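Peer 1: Just one file: upload-v2.pdb, with PDB, N, CA and C atoms.
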```
ATOM      1  N   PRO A   1       0.792  -1.222   0.000
ATOM      2  CA  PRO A   1       0.000   0.000   0.000
ATOM      3  C   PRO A   1       0.838   1.293   0.000
ATOM      4  N   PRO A   2       1.754   1.449  -0.969
ATOM      5  CA  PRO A   2       2.626   2.634  -1.083
ATOM      6  C   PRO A   2       1.889   3.926  -1.449
ATOM      7  N   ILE A   3       2.219   5.001  -0.719
ATOM      8  CA  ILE A   3       1.646   6.347  -0.932
ATOM      9  C   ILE A   3       0.292   6.321  -1.642
ATOM     10  N   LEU A   4      -0.578   5.431  -1.203
ATOM     11  CA  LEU A   4      -1.904   5.298  -1.795
ATOM     12  C   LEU A   4      -2.990   5.841  -0.875
ATOM     13  N   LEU A   5      -2.585   6.282   0.311
ATOM     14  CA  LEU A   5      -3.511   6.800   1.308
ATOM     15  C   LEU A   5      -4.220   5.654   2.019
TER      16      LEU A   5
ATOM     17  N   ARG B   1       2.294   1.010   4.598
ATOM     18  CA  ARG B   1       3.579   0.522   5.083
ATOM     19  C   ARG B   1       4.567   0.164   3.960
ATOM     20  N   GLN B   2       4.130   0.187   2.701
ATOM     21  CA  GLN B   2       5.038  -0.114   1.596
ATOM     22  C   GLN B   2       6.029   1.020   1.455
ATOM     23  N   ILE B   3       5.511   2.196   1.138
ATOM     24  CA  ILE B   3       6.336   3.381   1.037
ATOM     25  C   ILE B   3       6.672   3.816   2.454
ATOM     26  N   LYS B   4       7.241   2.869   3.206
ATOM     27  CA  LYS B   4       7.638   3.105   4.579
ATOM     28  C   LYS B   4       8.895   3.936   4.575
ATOM     29  N   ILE B   5       8.835   4.954   3.742
ATOM     30  CA  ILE B   5       9.897   5.895   3.558
ATOM     31  C   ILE B   5       9.355   7.289   3.869
ATOM     32  N   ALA B   6       8.061   7.493   3.563
ATOM     33  CA  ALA B   6       7.396   8.770   3.811
ATOM     34  C   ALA B   6       5.891   8.588   4.070
ATOM     35  N   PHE B   7       5.087   8.504   3.002
ATOM     36  CA  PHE B   7       3.635   8.344   3.145
ATOM     37  C   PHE B   7       3.296   7.136   3.997
ATOM     38  N   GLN B   8       3.831   5.988   3.625
ATOM     39  CA  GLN B   8       3.613   4.772   4.386
ATOM     40  C   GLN B   8       4.673   4.684   5.480
ATOM     41  N   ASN B   9       5.254   5.847   5.806
ATOM     42  CA  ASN B   9       6.289   5.950   6.819
ATOM     43  C   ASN B   9       5.997   7.048   7.843
ATOM     44  N   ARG B  10       5.062   7.947   7.558
ATOM     45  CA  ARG B  10       4.772   9.052   8.480
ATOM     46  C   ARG B  10       6.080   9.721   8.876
ATOM     47  N   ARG B  11       7.076   9.591   8.010
ATOM     48  CA  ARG B  11       8.412  10.081   8.288
ATOM     49  C   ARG B  11       9.178   8.958   8.999
ATOM     50  N   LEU B  12       8.421   8.090   9.698
ATOM     51  CA  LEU B  12       8.988   6.943  10.400
ATOM     52  C   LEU B  12       8.057   5.710  10.317
ATOM     53  N   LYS B  13       6.784   5.869  10.721
ATOM     54  CA  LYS B  13       5.803   4.768  10.666
ATOM     55  C   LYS B  13       5.007   4.811   9.357
ATOM     56  N   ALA B  14       4.016   5.707   9.285
ATOM     57  CA  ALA B  14       3.198   5.860   8.080
ATOM     58  C   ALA B  14       2.194   6.997   8.210
ATOM     59  N   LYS B  15       2.309   7.971   7.313
ATOM     60  CA  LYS B  15       1.427   9.121   7.316
ATOM     61  C   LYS B  15       1.722  10.033   6.126
ATOM     62  N   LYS B  16       2.819  10.776   6.218
ATOM     63  CA  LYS B  16       3.227  11.691   5.162
ATOM     64  C   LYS B  16       4.548  11.238   4.544
TER      65      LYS B  16
END
```
Could you write out this structure as structure tokens?

Peer 2:
Amino acid sequence: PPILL
Amino acid sequence: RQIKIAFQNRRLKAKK
């Protein structure tokens, strides 16, 4: 879940 | 927690 909020 | 470098890191944990 990278920089996906 | 992937981009546990900044966003998924909160600078350390996860936030920005």

Peer 1: Quick one: residues within 12 Å of residue 1 in chain A, only C-alpha atoms counted, chain neighbours fewer than 3 positions away excluded, as a list in words?

Peer 2: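 My reading of the contact set: residues 4 and 5 of chain A; 1, 2, 3, 4, 7, 8, 9, 14 and 15 of chain B.
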
Peer 1: How big is the axis-aligned box around all listed atoms of range 5-14 of chain B once 5 Å goes on each side, and where's its centre, in Å to one decimal, as JSON?

Peer 2:
```
{"center_x": 6.0, "center_y": 7.4, "center_z": 6.9, "size_x": 17.7, "size_y": 15.4, "size_z": 17.7}
```

Peer 1: Would you mind listing what lies within 8 Å of residue 5 in chain B as a PyMOL selection string, with only N, CA and C atoms counted and same-chain residues fewer than 5 positions away left out?

Peer 2: (chain A and resi 3) or (chain B and resi 10-16)

Peer 1: Hey, can you spit out that residue selection with N, CA and C atoms as a short mmCIF file (atom, residue, chain, number, x, y, z; two decimals), in the frame of the given file?

Peer 2:
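Writing done, so here's out.cif:
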```
data_model
loop_
_atom_site.label_atom_id
_atom_site.label_comp_id
_atom_site.auth_asym_id
_atom_site.auth_seq_id
_atom_site.Cartn_x
_atom_site.Cartn_y
_atom_site.Cartn_z
N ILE A 3 2.22 5.00 -0.72
CA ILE A 3 1.65 6.35 -0.93
C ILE A 3 0.29 6.32 -1.64
N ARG B 10 5.06 7.95 7.56
CA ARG B 10 4.77 9.05 8.48
C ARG B 10 6.08 9.72 8.88
N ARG B 11 7.08 9.59 8.01
CA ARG B 11 8.41 10.08 8.29
C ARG B 11 9.18 8.96 9.00
N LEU B 12 8.42 8.09 9.70
CA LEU B 12 8.99 6.94 10.40
C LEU B 12 8.06 5.71 10.32
N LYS B 13 6.78 5.87 10.72
CA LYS B 13 5.80 4.77 10.67
C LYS B 13 5.01 4.81 9.36
N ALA B 14 4.02 5.71 9.28
CA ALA B 14 3.20 5.86 8.08
C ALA B 14 2.19 7.00 8.21
N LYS B 15 2.31 7.97 7.31
CA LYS B 15 1.43 9.12 7.32
C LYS B 15 1.72 10.03 6.13
N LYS B 16 2.82 10.78 6.22
CA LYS B 16 3.23 11.69 5.16
C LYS B 16 4.55 11.24 4.54
#
```
